[PDB]
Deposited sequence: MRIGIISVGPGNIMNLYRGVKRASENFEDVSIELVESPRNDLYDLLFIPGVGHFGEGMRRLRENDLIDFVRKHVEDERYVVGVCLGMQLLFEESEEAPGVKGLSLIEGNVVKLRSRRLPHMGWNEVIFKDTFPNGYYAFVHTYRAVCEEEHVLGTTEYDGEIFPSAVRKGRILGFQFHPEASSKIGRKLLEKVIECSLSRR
């Protein structure tokens, strides 16, 4: 089990490394690398502006590194900004995303922003329904086909979680979501088997 976490940013990505190392404890023969070039079974795309990071994945020849993962039925999981990058474009006016899942990113309909605090995620399947820690302004827009988890903020229901095959996206911070985030991350690992 080779786990790779793309470390190039932006944001703090080490809270995620720690959360993943934490969840991988009970698991046999497990390795976790910080990633910024070609070598994984479970690849993490973290981050906390759509422009930056989309730039940093270019400036590190990783767009293909990720493309090759998806192509090879490997697990590819976007966290926070990383999730928004799975899509075609965000409102970063003009920048193309990874276009791994069809859709775009859009400002939240709320007068109160950012969406910040613990909000409920309800999953179609597999993952633990419950409260996770959110901090974001932009949301994904996609087909119900690719909706995995749902969350309501200020009367607006959106994809707090997303899935196209073995590509996964989570809009919240599992590494800051207490017991349930750990359980969520465990289930992500358990899936890549």
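Note: segments 40-42, 52, 96, 199-201 of the deposited sequence have no C-alpha coordinates in the structure.
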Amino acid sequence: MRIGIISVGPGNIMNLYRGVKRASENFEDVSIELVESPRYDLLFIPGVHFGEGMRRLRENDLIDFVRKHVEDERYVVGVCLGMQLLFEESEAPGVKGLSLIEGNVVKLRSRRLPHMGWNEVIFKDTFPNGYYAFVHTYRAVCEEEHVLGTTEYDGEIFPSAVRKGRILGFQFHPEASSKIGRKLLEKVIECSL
From here on, numbers count along this sequence of modelled residues.
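As listed in the deposited structure, the average C-alpha B-factor of 58-66 and of 157-165 is greater for 58-66. Looking at mean Cα B-factors across 174-182 and 11-19, the upper value is held by 11-19. Based on the entry's C-alpha B-factors, the most elevated value among 139, 124, 146, 49 belongs to 49. In the deposited coordinates, the residue among 117, 78, 93, 103 with the greatest CA B-factor is 93. Annotation for residue 1: C-alpha temperature factor in the highest third relative to the rest of the modelled chain, per the entry.
Sort the modelled residues of the chain by CA B factor and residue 188 lands in the lowest third. Per the deposited record, the Cα B-factor of residue 42 falls in the middle third when ranked against the other modelled residues of its chain.
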